[PDB]
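**Student:** I would like to see how this sequence folds:
(chains A, B, C and D)
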Number of protein chains: 4
Amino acid sequence: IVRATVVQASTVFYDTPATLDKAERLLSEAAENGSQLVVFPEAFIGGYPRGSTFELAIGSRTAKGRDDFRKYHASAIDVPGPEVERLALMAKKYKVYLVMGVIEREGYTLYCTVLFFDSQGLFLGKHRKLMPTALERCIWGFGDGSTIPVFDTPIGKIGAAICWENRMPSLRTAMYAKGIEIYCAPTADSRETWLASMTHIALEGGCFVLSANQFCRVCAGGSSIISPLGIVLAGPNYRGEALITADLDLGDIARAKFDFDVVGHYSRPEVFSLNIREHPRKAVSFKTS
Amino acid sequence: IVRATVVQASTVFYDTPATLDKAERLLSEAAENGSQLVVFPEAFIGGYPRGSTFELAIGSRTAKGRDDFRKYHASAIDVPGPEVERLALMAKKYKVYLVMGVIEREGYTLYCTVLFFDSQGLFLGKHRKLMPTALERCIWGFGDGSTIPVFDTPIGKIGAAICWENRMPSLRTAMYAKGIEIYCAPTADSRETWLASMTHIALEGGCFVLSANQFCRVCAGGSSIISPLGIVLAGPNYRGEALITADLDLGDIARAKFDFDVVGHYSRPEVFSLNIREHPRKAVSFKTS
Amino acid sequence: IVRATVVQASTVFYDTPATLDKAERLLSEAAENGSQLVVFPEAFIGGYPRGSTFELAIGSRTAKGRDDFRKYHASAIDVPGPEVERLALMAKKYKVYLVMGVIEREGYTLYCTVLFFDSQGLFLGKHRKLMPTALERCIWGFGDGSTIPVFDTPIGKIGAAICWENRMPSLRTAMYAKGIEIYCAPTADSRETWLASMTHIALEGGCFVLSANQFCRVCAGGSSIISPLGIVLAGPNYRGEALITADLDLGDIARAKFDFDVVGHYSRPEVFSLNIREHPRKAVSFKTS
Amino acid sequence: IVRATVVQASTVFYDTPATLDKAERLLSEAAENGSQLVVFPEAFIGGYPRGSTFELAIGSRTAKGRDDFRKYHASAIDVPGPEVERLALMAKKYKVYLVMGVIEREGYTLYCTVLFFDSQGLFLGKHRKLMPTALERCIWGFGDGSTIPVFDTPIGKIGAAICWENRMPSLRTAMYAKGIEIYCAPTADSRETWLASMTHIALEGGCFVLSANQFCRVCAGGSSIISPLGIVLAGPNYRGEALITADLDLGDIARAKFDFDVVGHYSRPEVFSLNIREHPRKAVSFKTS
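**Tutor:** Numbers count the residues shown, from 1 in each chain, chains lettered A, B, ... in the order given. Below is the structure:
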């Protein structure tokens, strides 16, 4: 039996070493009630440009989109470097697992990744987003197959997906086949759609869905946590930003996979078969002696 | 713009020529208010044996399971035969598209299937169930890949799926790849969770989820109809049995795939690929000249 | 020695059977002066939505974006169908090689493509676009490697590329490696910089750059034709819409590759090597017997 | 914000310690207006034999080509040695970056290289030319892959290419992938071709193209400098030899890679992949204890 928290805080949107201390103080506030896994929202460090249209017609490209883009570009991080060392030392001071939605750069491109840290201040891995939704396709980049992680820990198998990658039916059945029983899902929408969409994943899987959204002032977000039977443990907090906690019986999975079981004794292998191409594809490839 | 009605009837459970007239005295009331498509519940003709355990221990097989089986086997139909001619001549008189949940026999087996009829009183095809759930595995049989239909009609394309075949992600993504926009889904469970399960399919797809359940006396069924924007038109009727109607604006689909749109442009063929083995596999095959 | 004409027409933008007769009443005027190859602008059939922003903030998705999308979706064609038969019967009567910029649909997606026709009124093939630019990423779709053609004809070899697929150096060097000597290039921007951009391709290759832009009323388009010595034959017509012609001496290529000549003898295979993955990748694949 | 100059001076063509002082005086003339990066033309020290045919038929090889060759060979330098020490001490006297087009020897062979120096009189590296063009194949040597440098400085990343190595599409996309934002390009031709050829590199990249040609008395060369948006800062000076200066806003790159970005979010890695063989290949290799 473990116990986990989600947060609901917002970011200061510019000056990224100013929002890097909010994480410190909230992480210490979540330390005190004996938490063991802490989840942070989507684009917590880099910031999420809400409302901004960058003045895009259909090929106008005015001068008041370029300055906006460079002011936004100048406020991201890069992994590894001096901003992941600080987070490792942050999670190393005591025993806590930390997942975190940042925005990284890699030579004038922006990615929307999520980082995974253990209880001894190592850096496990990252997961760049497969496909941005609508108007984020102008500003963010596409991820490939060689990123989707597994990450077995001594408290379970944790993995993640971001906003509307939780609608793709073929990425979920690749997450399921690797053995996920704790399914993190940060997001950036606050609808009635979302609460009724996470319940379906919690049933179709057998995992604890544990989501986190941000509250700012404008997307009054509601984060939650759902049992693998479909019962909400900690409700949709639509009022203010607060720490939300609950406890996770890991023996509630073996009993929830008595009726239904995807990848195992459902999903008739004699008719259906999915296969995943997981190759590190890159444009330019130097080889030396 | 079309309009379609689901029913929330119940069956007489025994003496199957008696329950075929309910399917007219409800039907003309359903079609007198200018209807165009009628959807019936799961196992409406044969009867869904509720509560019955058949005295199965672990392989004890007592005498009060055998008579209970044979009395149930004696109340099935067979296709094509004298009970589908009645349904064709039924749908031929007036004009409706009729879908129907039956139970068929084929030499001492039972297959939970669903039938499709057009407005000119012809027989389009059937869809047997892929996998029965828990204890229905003892009494029903398995389906193969060479059964999943779409049946393009002049009011749109119309597929189906039965109770917990709607949780299988591969079967849904194989339904979507042929172009379903009217997603009929009979069922036989009535919980709070099924509504949340159907909203997600309506959002993930772009189709009109149009479900149907039975209400008897313990089947507090709630059948509904969901827009492809995740809006319930005619709500979950938990009180009594009725006729449930709405209008189906088929121009509200092209506008819903401006955002999401699975396979193309939102599936990634470079990483994921699914394939389906649709072969008519049967045990003994006779060949002559 | 052949001769080819580009056009500088404009579309009626809505009601696409109306804009298909412009493609005859300009076409016979283009073919009456003894022409042999006709090139049309980018998105001449479906229409290029200029100025339109669809009210996309960051994921607000208001109600006046959906209707604007569906009215645009409703004005596309599909291949092969009743709108390409008209073009084949058009090109078949007299003798011309017809290339054409269209917009096609394939189950609620839009692909900005280009079509090739021979003189006997057959359909050679099509070339979808690899990557839409900035805000066209929301409304158009991506292309795979299994589309890039060359189509050896008895007047030479003829490929194509669309607006900013001419900046990608790898796609150009993959076009060159099959033996392009007539380089057709429709576009949808008209700046001072585009002429300087096309001169470099004409010198780097050895082909005839033969571009086409539309002029409407804001598309001050200027289309031209450039020798493989970097000499403009028929100039940048920025004033009004017209027909633009020249003669294409195909013996002025062998003489121009005396100096430069990419891949062999001027590429260095010992240091550089490029490779292309030309596989027809699609999401769901059905197999039967 | 840095500022850079190009020069347009010619050489004295023989007696290489007489042209080594012209560099000194011009470098001191460029010091006074607070310049910070100075670029010199192709073959500034060794001299470029213009007009000379060396009496080559097709294997005649007369005696009046041999004396010409030895008189030309006797006027090169060799790196390192007493002629690079002088340039290091020349650039060490104050704060300037010096790039320089010389001709080196290596045991009776001639190369066309380019030397890079820092602000503290170190010797960073060199770049021998990959393939000489037409009749320079008889007199110069081929370079290999283990020469093309990166050279990050505190004012940016400077790299170079020589005359017609700026036409190879595969060498540019190896320069781009390493991060070049200041692109030096000395040359030895004066056409209308060249000005329209550098604009394309400035757009296709995102870098400041900063070229330099020589004016002698006969190739009245025109040197220039182009913004990453395609706007000429300091024009094509076709009249006389002069110092040409401008200022280089390095925040104009981040804003120019908002629209288009090669190696990053263009150049689809799922279809194209270039790879470079970078090995120090030599014919005879002694090894000892």
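**Student:** residues contacting the closest residue to chain B within the stretch 1-150 of chain A?
**Tutor:** Going by CB to the nearest CB, chain B is nearest to residue A:145 of the stretch 1-150 of chain A, at 3.8 Å. C-beta: built from backbone N, CA, C; applies to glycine. Contacts for residue A:145 (CB atoms under 8 Å, 6 or more residues apart in numbering or on different chains) come out as A:276-279, B:270-271.
**Student:** Show the residue spans covered by the strands in chain A.
**Tutor:** Ranges of strands within chain A are A:2-6, A:37-39, A:97-105, A:110-117, A:123-126, A:152-153, A:156-160, A:182-186, A:208-212, A:225-226, A:232-234, A:244-248, A:272-276, A:284-288, based on DSSP state E.
**Student:** Now do stretch A:196-208: distance to the chain's middle.
**Tutor:** 16 Å (CA atoms, centre = their mean, to the nearest Å).
**Student:** close to chain C, is that stretch?
**Tutor:** No. Using CB under 8 Å from any CB of the partner chain, stretch A:196-208 stays clear of chain C, coming no nearer than 15.6 Å.
**Student:** who touches that stretch?
**Tutor:** Residues contacting stretch A:196-208 (CB under 8 Å, 6+ apart): A:166-167, A:172, A:176, A:180-183, A:185, A:209, A:211, A:224-230, A:248, A:253, A:256-257, A:260-262, B:167, B:169, B:193, B:195-197, B:199-200, B:203, B:230.
**Student:** Please check these and keep the buried ones.
**Tutor:** Burial by neighbour count, judged by 16 or more other CB atoms under 10 Å in any protein chain shown, picks out A:166-167, A:172, A:176, A:180-183, A:185, A:209, A:211, A:224-228, A:230, A:248, A:253, A:256, A:260, A:262, B:167, B:169, B:193, B:195-197, B:199-200, B:203, B:230 from those.
**Student:** Distance check, the closest residue to residue A:47 other than its chain neighbours against residue A:132.
**Tutor:** Using CB to CB, 6 or more residues apart in numbering or on different chains and skipping residues adjacent in sequence, the residue nearest residue A:47 is residue A:13, 4.6 Å away. Counting by CB to CB, to the nearest Å, the gap from residue A:13 to residue A:132 is 19 Å.
**Student:** Between the two, which has more neighbouring residues?
**Tutor:** Ranked by neighbour count (other CB atoms under 10 Å in any protein chain shown), residue A:13 and residue A:132 place residue A:132 first, with 23 against 16.
**Student:** looking at it, that one is touching residue A:162, isn't it?
**Tutor:** No. Counting by CB atoms under 8 Å, residue A:132 does not reach residue A:162; the two are 9.1 Å apart.
**Student:** so what sits against both of these two?
**Tutor:** By CB under 8 Å, 6+ apart, the residues touching both residue A:132 and residue A:162 are residue A:112.
**Student:** and residue A:46, how many neighbours does it have?
**Tutor:** For residue A:46, using other CB under 10 Å, the count is 25.
**Student:** In contact with it, which residues are there?
**Tutor:** A:16, A:75-77, A:102-104, A:110, A:112.
**Student:** How about the residues of the stretch 1-150 of chain A by chain D?
**Tutor:** Counting by CB under 8 Å from any CB, the stretch 1-150 of chain A sits next to chain D at A:61, A:65-67, A:69-70, A:73-74, A:106-109, A:141-142, A:144.
**Student:** Just the buried subset of these, please.
**Tutor:** Judged by 16+ other CB under 10 Å, buried ones among the residues of the stretch 1-150 of chain A next to chain D: A:61, A:65-66, A:69-70, A:73, A:108-109, A:141-142, A:144.
**Student:** Need those in TSV (columns: distance to residue A:37).
**Tutor:** Output for these, formatted as TSV (distance: CB to CB, whole Å):
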residue	distance to residue A:37
A:61	44
A:65	40
A:66	41
A:69	36
A:70	37
A:73	32
A:108	35
A:109	31
A:141	29
A:142	29
A:144	28
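**Student:** Can you tell me which of those end up in helices?
**Tutor:** Judged by DSSP state H, these include A:65-66, A:69-70, A:73 as members of helices.
**Student:** contact partners of stretch A:28-35?
**Tutor:** A:3-5, A:7, A:38, A:94, A:96, A:243, A:245.
**Student:** Provide a PyMOL selection command restricted to the buried entries of the residues you listed.
**Tutor:** Buried members of the contacts of stretch A:28-35, defined by 16+ other CB under 10 Å, are picked up in PyMOL with:
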select buried, chain A and resi 4+5+7+38+96+243+245
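**Student:** Can I get the contacts of stretch A:28-35 in JSON lines including distance to chain C?
**Tutor:** Converted to JSON lines, those look like this (distance: CB to the nearest CB, whole Å):
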{"residue": "A:3", "distance to chain C": "33"}
{"residue": "A:4", "distance to chain C": "28"}
{"residue": "A:5", "distance to chain C": "27"}
{"residue": "A:7", "distance to chain C": "22"}
{"residue": "A:38", "distance to chain C": "26"}
{"residue": "A:94", "distance to chain C": "37"}
{"residue": "A:96", "distance to chain C": "32"}
{"residue": "A:243", "distance to chain C": "27"}
{"residue": "A:245", "distance to chain C": "29"}
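**Student:** which one of the contacts of stretch A:28-35 sits closest to residue B:157?
**Tutor:** For those, the residue nearest residue B:157 by CB to CB is residue A:4; the value is 43.5 Å.
**Student:** The closest one is in contact with residue A:98, isn't it?
**Tutor:** No. Counting by CB under 8 Å, residue A:98 is not a contact partner of residue A:4; they are 11.4 Å apart.
**Student:** between these two, what contacts are shared?
**Tutor:** residue A:38.
**Student:** Taking the centroid of chain A, which residue is nearest it?
**Tutor:** residue A:186 (4.3 Å; CA atoms, centre = their mean).
**Student:** Quick check, that one in contact with residue A:7.
**Tutor:** No. Contact criterion CB under 8 Å: residue A:186 and residue A:7 do not qualify, at 10.3 Å.
**Student:** Find residues that contact each of those two.
**Tutor:** By CB under 8 Å, 6+ apart, the residues touching both residue A:186 and residue A:7 are A:39-41, A:212.
**Student:** got those as TSV, with distance to chain C and neighbour count columns?
**Tutor:** Converted to TSV, these look like this (distance: CB to the nearest CB, whole Å; neighbours: other CB atoms under 10 Å in any protein chain shown):
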residue	distance to chain C	neighbour count
A:39	22	26
A:40	20	25
A:41	15	24
A:212	18	26
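**Student:** Which two among these are spaced furthest apart?
**Tutor:** A:39 and A:41, at 8.1 Å, using CB to CB across the shared contacts of residue A:186 and residue A:7.
**Student:** residues in the stretch 1-150 of chain A within reach of chain C, list them.
**Tutor:** So the stretch 1-150 of chain A meets chain C at A:49-53, A:56-59, A:61, A:133-138 (CB under 8 Å from any CB).
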